[PDB]
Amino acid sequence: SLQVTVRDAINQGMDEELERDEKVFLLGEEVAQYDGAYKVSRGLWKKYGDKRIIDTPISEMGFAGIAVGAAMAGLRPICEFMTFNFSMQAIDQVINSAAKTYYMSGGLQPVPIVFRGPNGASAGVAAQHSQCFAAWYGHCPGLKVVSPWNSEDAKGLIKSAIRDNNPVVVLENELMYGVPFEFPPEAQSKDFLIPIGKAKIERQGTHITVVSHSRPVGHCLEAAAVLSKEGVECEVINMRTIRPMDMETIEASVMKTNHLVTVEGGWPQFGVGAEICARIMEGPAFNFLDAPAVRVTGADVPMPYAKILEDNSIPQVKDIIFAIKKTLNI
């Protein structure tokens, strides 16, 4: 029907979940009176007040800890990190207080919390503000990690994350906030959910399977558009979930296309692509490969400031096409 931006989509989601359950609340720096550092929480404090939307001091470990505590006490908080770079101060609270508790308690203590905020590369923000944390958080038993791309992903995933009685890390994306997408009536519904753990095929194809998550999904779709004109048809997969990832979907696709290329924004070593490739080798789809699976990632360096350098530290459309052509040997 209408064009809705990822920012407005996330907002709509949190708004609908806040109205549905009085136990849900949002806290973090500038989430309330500032209307959000990236305007994601715009209008919420106005609508819900001091109790539901809480501005906090710059105390990551503290307000993340407070959030986990409220969750243990029966509340369902949404803890925002202005960027996930800042989550490193509170990462002990995410892993040791939240992720492991249900297991350590023997099933007596659930922790229905959600950690959300922009993750990964932005534009000219340099090394301490560009880091992607998908591989880090995807490593940990007891967490669920998601990484939306378009508006549908954003709204659906944020709502599933909230209704889920476990710690869910929602890795969003700053550059995606402003991008609009055709919002079908099904996504406009307050009852729109996207199941955590199910991948999505954004484009049918027969020649090669291209798997990705978050922003570079859009780049994979550009690469497929160019390659389509040269006779090559790519099957593009949007992961949506980092943990527990949907390997079955990828496997079924690779059985068909016989080729595989993973695309992520984060660092290469021990990254999202590494796991996918390992899973392909250990899985029933390994015999269906006619060529080794290869990885397209960000450069193995801290993020440089300068434009020409930053452009080459992030996966570009040409980099995805080049890798696809080496794999298909054309």
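In this text, residue numbers run from 1 along the sequence as written. Definition used throughout: the rigid core is the maximal C-alpha set that superposes within 1.5 Å between two forms.
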Q. C-alpha RMS from this form in 8 other deposited structures of this protein, rigid core superposed: larger for 65 to 73 or 31 to 39?
A. 31 to 39
Q. So which stretch wins on mean C-alpha B-factor, 207 to 215 or 227 to 235?
A. 227 to 235
Q. Of the two stretches 84 to 92 and 185 to 193, which shows the higher Cα B-factor on average in the entry?
A. 185 to 193
Q: Would you mind ranking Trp267 by its C-alpha B-factor against the rest of the chain and naming the third, lowest, middle or highest?
A: lowest
Q.
By the recorded C-alpha temperature factor, relative to the other modelled residues in its chain, which third is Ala291 in?
A. middle
Q. Lowest, middle or highest third of the chain for the C-alpha temperature factor of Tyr305?
A. middle
**Q.** Among modelled residues of the same chain, the CA temperature factor third for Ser147
**A.** lowest
**Q.** Chain thirds of CA B-factor: placement of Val169
**A.** lowest
